[PDB]
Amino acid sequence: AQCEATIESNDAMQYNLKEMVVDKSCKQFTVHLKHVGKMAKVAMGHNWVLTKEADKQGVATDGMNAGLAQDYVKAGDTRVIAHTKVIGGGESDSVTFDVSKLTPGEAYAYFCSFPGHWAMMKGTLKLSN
């Protein structure tokens, strides 16, 4: 139902959710990302980035090149639907986005853009009723 979801990231380099569903009644959707580990952001920071599935690699690449001060996301990347900041163990961050950016029936990829994390930290997001 409600237009929110909580996802956990840890020191093992995993998310705890592999799929997220945004209910069709939602106009706004909020993702709460938590880092439940204890490692520093420079060593094991995590974020949550949303792109079309297609755009995964590219956004990941450019993000890595953007640096930590940019939360490992190329500024103004248009391929990026929404993203959180990079957070370390014990922290959390939230992002709220307009559902209208998503198109029904389409596949969206969410992943962590911190260097090298995208390969193990990825999931699918979809709009459904």
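Start at 1 and count along the sequence shown; that's the residue number.
With 99-107 and 85-93 compared on mean CA B-factor from the PDB entry, the stretch scoring higher is 99-107. Relative to its counterpart among 74-82 and 44-52, 74-82 has the higher mean temperature factor, C-alpha atoms as listed in the PDB entry. In the PDB entry, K24 places in the middle third of its chain by CA B-factor. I7: CA B factor in the lowest third of modelled residues in this chain (values from the PDB entry). Sort the modelled residues of the chain by CA B factor and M64 lands in the middle third.
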